[PDB]
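**Q** Got a structure for you, run34.cif, holding mmCIF, C-alpha atoms.
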data_work
loop_
_atom_site.label_atom_id
_atom_site.label_comp_id
_atom_site.auth_asym_id
_atom_site.auth_seq_id
_atom_site.Cartn_x
_atom_site.Cartn_y
_atom_site.Cartn_z
CA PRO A 23 100.91 93.24 106.46
CA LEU A 24 100.30 96.86 107.52
CA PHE A 25 97.50 98.18 105.36
CA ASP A 26 95.28 95.54 103.88
CA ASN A 27 95.48 95.98 100.09
CA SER A 28 91.68 95.99 100.13
CA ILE A 29 91.05 98.66 102.74
CA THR A 30 88.79 101.45 101.44
CA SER A 31 90.39 104.75 100.57
CA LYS A 32 87.56 106.02 102.72
CA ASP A 33 88.35 103.42 105.37
CA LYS A 34 92.01 104.44 105.49
CA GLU A 35 90.64 107.86 106.39
CA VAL A 36 88.51 106.29 109.10
CA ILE A 37 91.42 104.51 110.82
CA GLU A 38 93.35 107.79 110.66
CA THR A 39 90.34 109.32 112.41
CA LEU A 40 90.26 106.80 115.25
CA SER A 41 94.00 107.29 115.69
CA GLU A 42 92.98 110.85 116.51
CA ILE A 43 90.09 109.98 118.82
CA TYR A 44 92.50 107.67 120.62
CA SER A 45 95.14 110.39 120.62
CA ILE A 46 92.70 112.64 122.42
CA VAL A 47 91.57 110.18 125.05
CA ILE A 48 94.91 108.97 126.32
CA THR A 49 96.38 112.47 126.13
CA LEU A 50 93.52 114.10 128.00
CA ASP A 51 93.73 111.59 130.80
CA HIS A 52 97.26 112.76 131.49
CA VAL A 53 96.46 116.45 131.29
CA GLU A 54 93.88 115.94 133.98
CA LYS A 55 96.22 114.01 136.25
CA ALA A 56 98.87 116.68 135.79
CA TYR A 57 96.34 119.25 136.99
CA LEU A 58 95.51 117.26 140.09
CA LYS A 59 99.23 117.42 140.87
CA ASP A 60 99.43 121.16 140.26
CA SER A 61 102.10 120.55 137.58
CA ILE A 62 99.87 122.57 135.27
CA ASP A 63 97.97 125.52 136.64
CA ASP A 64 94.27 126.29 136.37
CA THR A 65 94.68 129.17 133.88
CA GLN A 66 96.39 126.74 131.51
CA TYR A 67 94.25 123.68 132.25
CA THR A 68 90.75 124.96 131.51
CA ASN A 69 91.54 126.33 128.06
CA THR A 70 93.42 123.29 126.84
CA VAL A 71 90.87 120.80 128.25
CA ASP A 72 87.87 122.70 126.95
CA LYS A 73 89.72 122.78 123.62
CA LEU A 74 90.22 119.03 123.65
CA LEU A 75 86.68 118.25 124.74
CA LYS A 76 85.52 120.33 121.82
CA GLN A 77 87.85 118.66 119.29
CA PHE A 78 86.53 115.23 120.32
CA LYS A 79 82.83 115.93 119.64
CA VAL A 80 83.90 117.09 116.20
CA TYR A 81 85.63 113.83 115.22
CA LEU A 82 82.53 111.81 115.96
CA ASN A 83 80.21 114.42 114.47
CA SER A 84 82.24 114.36 111.27
CA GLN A 85 80.42 113.61 107.98
CA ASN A 86 81.51 109.98 107.99
CA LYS A 87 80.00 109.37 111.41
CA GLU A 88 78.22 106.04 110.69
CA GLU A 89 81.47 104.03 110.33
CA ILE A 90 82.75 105.51 113.56
CA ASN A 91 79.98 104.20 115.81
CA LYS A 92 79.89 101.32 113.31
CA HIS A 93 83.05 99.22 113.76
CA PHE A 94 83.99 101.36 116.80
CA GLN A 95 80.87 102.05 118.87
CA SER A 96 79.77 104.02 121.92
CA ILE A 97 82.72 105.35 123.75
CA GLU A 98 83.06 103.90 127.24
CA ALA A 99 82.95 100.69 125.20
CA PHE A 100 85.66 101.58 122.66
CA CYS A 101 87.88 102.23 125.67
CA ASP A 102 87.83 98.48 126.43
CA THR A 103 87.99 97.10 122.90
CA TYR A 104 91.46 98.58 123.06
CA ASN A 105 93.76 98.06 125.96
CA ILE A 106 93.45 101.59 127.23
CA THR A 107 93.52 102.66 130.86
CA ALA A 108 92.13 106.13 131.70
CA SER A 109 89.98 106.18 134.90
CA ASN A 110 90.10 109.98 134.93
CA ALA A 111 89.49 110.59 131.26
CA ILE A 112 86.33 108.53 131.16
CA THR A 113 84.82 110.93 133.73
CA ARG A 114 86.17 114.06 132.11
CA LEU A 115 84.64 112.86 128.89
CA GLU A 116 81.18 111.63 129.89
CA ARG A 117 80.89 114.91 131.73
CA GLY A 118 81.38 117.58 129.04
CA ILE A 119 82.98 120.28 131.23
CA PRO A 120 86.37 120.66 133.00
CA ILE A 121 86.34 122.75 136.26
CA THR A 122 82.64 122.33 137.18
CA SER B 139 126.35 67.46 123.00
CA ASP B 140 123.98 66.97 125.93
CA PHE B 141 125.39 69.48 128.45
CA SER B 142 126.63 72.13 126.04
CA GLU B 143 122.96 71.94 124.89
CA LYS B 144 121.10 72.65 128.17
CA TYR B 145 123.96 75.08 128.81
CA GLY B 146 123.37 77.13 125.66
CA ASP B 147 120.19 78.12 127.56
CA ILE B 148 122.06 79.44 130.55
CA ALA B 149 124.60 80.78 128.01
CA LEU B 150 122.25 83.44 126.67
CA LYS B 151 119.93 83.90 129.65
CA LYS B 152 122.73 85.67 131.51
CA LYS B 153 124.06 88.00 128.77
CA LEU B 154 120.59 89.18 127.74
CA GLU B 155 119.84 89.81 131.38
CA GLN B 156 122.69 92.37 131.39
CA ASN B 157 121.54 94.29 128.32
CA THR B 158 118.13 94.64 129.95
CA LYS B 159 119.72 95.95 133.14
CA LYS B 160 121.91 98.14 130.91
CA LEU B 161 118.99 99.55 128.95
CA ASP B 162 116.65 100.42 131.82
CA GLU B 163 119.77 101.83 133.53
CA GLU B 164 120.33 103.98 130.45
CA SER B 165 116.84 105.45 130.20
CA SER B 166 117.09 106.61 133.80
CA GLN B 167 120.39 108.38 133.05
CA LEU B 168 118.97 109.69 129.81
CA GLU B 169 116.09 111.13 131.83
CA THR B 170 118.63 112.91 134.03
CA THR B 171 120.15 114.31 130.83
CA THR B 172 117.40 116.91 130.58
CA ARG B 173 118.51 120.42 129.70
CA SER B 174 117.41 123.78 128.35
CA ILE B 175 115.81 122.00 125.39
CA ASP B 176 113.97 124.88 123.76
CA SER B 177 115.29 123.37 120.58
CA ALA B 178 112.12 121.53 119.53
CA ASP B 179 114.53 120.18 116.93
CA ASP B 180 116.53 118.54 119.72
CA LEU B 181 113.57 117.60 121.90
CA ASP B 182 112.43 115.48 118.96
CA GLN B 183 115.88 113.90 118.77
CA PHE B 184 115.57 113.14 122.49
CA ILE B 185 112.13 111.59 122.01
CA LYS B 186 113.21 109.64 118.92
CA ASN B 187 116.04 108.18 120.95
CA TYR B 188 114.16 107.43 124.15
CA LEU B 189 111.43 105.74 122.07
CA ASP B 190 114.00 103.93 119.93
CA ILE B 191 115.68 102.79 123.16
CA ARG B 192 112.59 101.65 125.04
CA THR B 193 111.61 99.62 121.99
CA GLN B 194 114.81 97.68 122.37
CA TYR B 195 114.18 97.15 126.10
CA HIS B 196 110.74 95.60 125.88
CA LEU B 197 111.77 93.55 122.84
CA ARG B 198 114.47 91.91 124.97
CA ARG B 199 112.42 91.65 128.13
CA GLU B 200 109.84 89.92 125.95
CA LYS B 201 112.06 86.93 125.13
CA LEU B 202 112.03 85.66 128.71
CA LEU C 325 106.74 85.98 112.05
CA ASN C 326 108.54 88.44 114.31
CA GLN C 327 106.58 91.19 112.60
CA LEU C 328 104.14 91.10 115.52
CA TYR C 329 106.79 90.30 118.10
CA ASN C 330 108.66 93.49 117.10
CA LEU C 331 105.42 95.46 117.04
CA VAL C 332 104.40 94.35 120.54
CA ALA C 333 107.49 96.06 121.93
CA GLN C 334 106.43 99.34 120.32
CA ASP C 335 103.06 99.51 122.08
CA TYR C 336 104.73 99.11 125.49
CA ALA C 337 107.65 101.34 124.48
CA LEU C 338 105.39 104.16 123.39
CA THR C 339 103.36 103.95 126.57
CA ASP C 340 106.66 104.24 128.42
CA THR C 341 107.67 107.33 126.45
CA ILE C 342 104.40 109.17 126.97
CA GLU C 343 104.62 108.45 130.71
CA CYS C 344 108.13 109.94 130.68
CA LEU C 345 106.84 113.00 128.83
CA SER C 346 104.33 113.37 131.61
CA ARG C 347 107.08 113.27 134.25
CA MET C 348 108.99 115.79 132.10
CA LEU C 349 105.96 118.08 132.00
CA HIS C 350 105.60 117.80 135.78
CA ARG C 351 109.15 119.01 136.42
CA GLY C 352 108.58 121.79 133.92
CA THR C 353 111.02 120.68 131.20
CA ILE C 354 108.46 121.25 128.44
CA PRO C 355 105.80 123.93 128.16
CA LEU C 356 102.29 122.82 129.08
CA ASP C 357 101.34 122.66 125.44
CA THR C 358 104.30 121.14 123.64
CA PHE C 359 103.24 118.13 125.66
CA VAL C 360 99.87 117.88 123.95
CA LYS C 361 101.38 118.10 120.45
CA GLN C 362 104.16 115.63 121.09
CA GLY C 363 101.83 113.44 123.15
CA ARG C 364 99.06 113.18 120.59
CA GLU C 365 101.56 112.52 117.80
CA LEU C 366 102.78 109.59 119.90
CA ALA C 367 99.37 108.30 120.91
CA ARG C 368 98.11 108.50 117.36
CA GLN C 369 101.18 106.44 116.38
CA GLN C 370 100.41 104.00 119.15
CA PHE C 371 96.80 103.48 118.12
CA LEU C 372 97.93 102.40 114.68
CA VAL C 373 100.33 99.95 116.24
CA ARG C 374 97.73 98.56 118.62
CA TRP C 375 95.10 98.32 115.86
CA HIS C 376 97.72 96.85 113.58
CA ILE C 377 98.00 93.99 116.06
CA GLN C 378 94.23 93.49 115.96
CA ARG C 379 94.71 92.71 112.31
CA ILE C 380 97.20 89.98 113.27
CA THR C 381 95.70 88.89 116.61
CA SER C 382 92.30 88.59 114.99
#
Could you render the structure as structure tokens?

**A**
Amino acid sequence: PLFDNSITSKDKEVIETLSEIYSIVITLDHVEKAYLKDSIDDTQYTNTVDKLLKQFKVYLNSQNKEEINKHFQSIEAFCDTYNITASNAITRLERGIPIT
Amino acid sequence: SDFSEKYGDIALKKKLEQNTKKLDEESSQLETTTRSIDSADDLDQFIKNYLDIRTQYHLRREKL
Amino acid sequence: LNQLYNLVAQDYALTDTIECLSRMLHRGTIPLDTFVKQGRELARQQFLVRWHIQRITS
């Protein structure tokens, strides 16, 4: 059973949101790795990353923020709740800047 | 009835094995098939298929 | 029954695809951005799958 036939219209929107937060995290982690293997070059990297890091903060600081932290709390945590490996990401996130 | 039985086990275990080999084998070749894909239309069709494929791999692998 | 079983494969499969995309990006095949778009669209998909399992595996 995909969607529970008693999942809030507003909840459905919240899952969809997490799916995005997720999307950022795992994606970012790659970007970073790619940059530490030159694949992508500095010019490129700093825009895109900065862009991502911005997008993130927005998702959490959306109007329906409560429910976020609610069933899916503080972030380093949420990275475990879900089988997610991203040893780079978690540093690129908790530090809110790319090149430094 | 007794042998044929315990030998139905070997019976599949070998043929599935091959598919698995076959599939992983495929995805490597399919990776080598990587061209001037500026056609984001076709890149998607490449994705779709790689995804599609890999699904089938793990699914099999899973059994054993 | 096999609803989960079939789903499990997806999670792995997707992971495998995104990895490949990464390799593809490294050898230049795709522009440095198309990766993000296609990547996210995959990850997003993945999340739903993973979370969908939580429903079952809970």

**Q** I need the residue nearest residue 153 in chain B from this list: B:173, B:198, B:186, B:192. Use all atoms listed in the file for the distance.

**A** B:198

**Q** Quick one, how far is CA of residue 202 in chain B from CA of residue 155 in chain B?

**A**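 Straight-line distance from CA of residue 202 in chain B to CA of residue 155 in chain B works out to 9.2 Å.
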
**Q** With distances taken over all atoms listed in the file, which residue among C:356, C:377, C:366, C:349 lies nearest residue 68 in chain A?

**A**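 So, comparing all the options, the nearest one is C:356.
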
**Q** Which residues come within 9 Å of residue 334 in chain C, counting all atoms listed in the file, excluding same-chain residues fewer than 2 positions away, as a list in words?

**A**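 The filter keeps residues 189, 190, 192, 193, 194, 196 and 197 of chain B; 330, 331, 332, 336, 337, 338, 339, 370, 373 and 374 of chain C.
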
**Q** In Å, rounded to a single decimal, give me how far CA of residue 25 in chain A is from CA of residue 379 in chain C.

**A**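 Between CA of residue 379 in chain C and CA of residue 25 in chain A the gap works out to 9.3 Å.
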
**Q** Go through B:171, B:182, B:199, B:191 one by one, measure the shortest atom-to-atom distance of each to residue 363 in chain C using only C-alpha atoms, and give the residue with the smallest value.

**A**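 Nearest to residue 363 in chain C: B:182.
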
**Q** For the file shown, report as a list in words the outcome of the PyMOL selection byres ((chain A and resi 49) around 8) at residue level.

**A**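 So the PyMOL selection byres ((chain A and resi 49) around 8), applied here, picks out residues 45, 46, 47, 48, 50, 51, 52 and 53 of chain A; 360, 363, 364 and 367 of chain C.
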
**Q** For chain C, which of A:64, A:81, A:121, A:104 is the closest residue, counting all atoms listed in the file?

**A**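 So, comparing all the options, the nearest one is A:104.
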
**Q** Please identify all polymer residues within 9 Å of residue 62 in chain A, counting only C-alpha atoms, omitting same-chain residues fewer than 4 positions from it, and present them as a list in words.

**A**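 What passes the distance filter is residues 53, 56, 57, 58, 66 and 67 of chain A; 349, 350, 352 and 356 of chain C.
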
**Q** What does the PyMOL selection byres ((chain A) within 6 of (chain C)) select in this file, as a ChimeraX atom specification?

**A** /A:41-42,45,61

**Q** Counting all atoms listed in the file, figure out which residue out of B:154, B:175, B:168, B:161 gets nearest to chain C.

**A** B:175

**Q** Quick one: pull the distance between CA of residue 162 in chain B and CA of residue 348 in chain C, Å, one decimal.

**A**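 Going from CA of residue 162 in chain B over to CA of residue 348 in chain C covers 17.2 Å.
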
**Q** For residue 89 in chain A, please output as a ChimeraX atom specification all residues within 12 Å (counting all atoms listed in the file; exclusion window: fewer than 3 positions along the same chain).

**A** /A:30,32-37,39-40,81-86,92-96

**Q** Is it possible to get the axis-aligned box enclosing range 48-65 of chain A (all listed atoms, 6 Å extra per side) as JSON, with centre and edge lengths in Å rounded to one decimal?

**A**
{"center_x": 97.8, "center_y": 119.1, "center_z": 133.5, "size_x": 20.6, "size_y": 32.2, "size_z": 26.7}

**Q** Closest to chain B among C:344, C:326, C:333, C:381, using only C-alpha atoms?

**A**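 Selected residue with least distance to chain B: C:333.
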